[PDB]
Amino acid sequence: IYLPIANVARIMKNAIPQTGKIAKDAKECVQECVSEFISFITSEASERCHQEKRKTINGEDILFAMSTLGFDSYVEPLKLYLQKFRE
Amino acid sequence: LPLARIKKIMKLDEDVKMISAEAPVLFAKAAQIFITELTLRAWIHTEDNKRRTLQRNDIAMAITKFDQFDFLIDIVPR
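Quick note, the sequences are listed as chains A and B, same order.
If you're matching positions, the first sequence starts at 55 in the deposited numbering and goes up one per residue.
If you're matching positions, the second sequence starts at 43 in the deposited numbering and goes up one per residue.
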């Protein structure tokens, strides 16, 4: 299961020169990596959730996992995004 | 990004049955940040090879140069 290739490709295209190109195989590779990223973080968030005596993995569980697994730089941007999403 | 798809990906893990409504929202933004950094880093090798097309081997190379991507080493090996 992957995020739509078109969505992935659009973000990829915005990160390279206007005339740069991306091989189909590379888009599929990033698709694979994104799902692996979500699974990696989710596994740790699930453990955290369980240790906190809960069953529904929440935002704090996800952010704890990101900070614990080496993605702490994602935390502040994510908090701002979620705040704007729900305001 | 469609949130239902993100939720489906999370649930591929058999032990994940209940997910907060906010978790997929956080992942939608996280996915954008991740794809951007991963692509930018792969492109470093695309340019080093004087190519204009980003390839899987560029991604595999990028993965070996960033500690944050250690989890992908066996997923996209050089």
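Just so it is clear, CB atoms sit at the ideal spot from N, CA and C, and this is done for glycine as well.
Selection of the region 47–74 of chain B by Cβ proximity to chain A, strictly under 7 Å:
Residues 47, 48, 50, 51, 52, 54, 55, 57, 58, 60, 61, 62, 64, 65, 67, 68, 69, 71, 72, 73, 74.
Residue environment, residue 66 of chain B, which counts as buried when at least 16 other CB atoms sit within 10 Å:
It counts as buried.
Considering only DSSP beta bridges, list what residue 95 of chain B is partnered with.
Partner(s): A:75.
Taking 7 Å as the threshold (C-beta atoms), are residue 84 of chain B and residue 104 of chain B in contact?
Yes, Cβ-Cβ distance for residue 104 of chain B and residue 84 of chain B is below 7 Å.
Residues of chain B with CB closer than 7 Å to the CB of residue 110 of chain A, please, in chain order.
Proximity of chain B to residue 110 of chain A at the Cβ level (cut-off 7 Å) is accounted for by 60, 61, 62, in chain order.
Answer yes or no: do residue 74 of chain A and residue 64 of chain B have a C-beta to C-beta separation smaller than 7 Å?
Their beta carbons are not under 7 Å apart, which means residue 74 of chain A does not touch residue 64 of chain B by this criterion.
Residue from B:77, B:110, B:51, B:43 whose Cα sits closest to the Cα of residue 84 of chain A:
Of all alpha-carbon atoms in B:77, B:110, B:51, B:43, the one lying nearest the alpha-carbon of residue 84 of chain A is that of B:77.
Under 8 Å between beta-carbons, which chain B residues line up against residue 75 of chain A? List them in chain order, please.
Against chain B, the beta carbon of residue 75 of chain A has neighbours under 8 Å at 94, 95, 96, listed in chain order.
Sub-7 Å separation of residue 87 of chain A and residue 96 of chain B beta-carbons:
Contact annotation: residue 87 of chain A and residue 96 of chain B have beta-carbon atoms that are not nearer than 7 Å.
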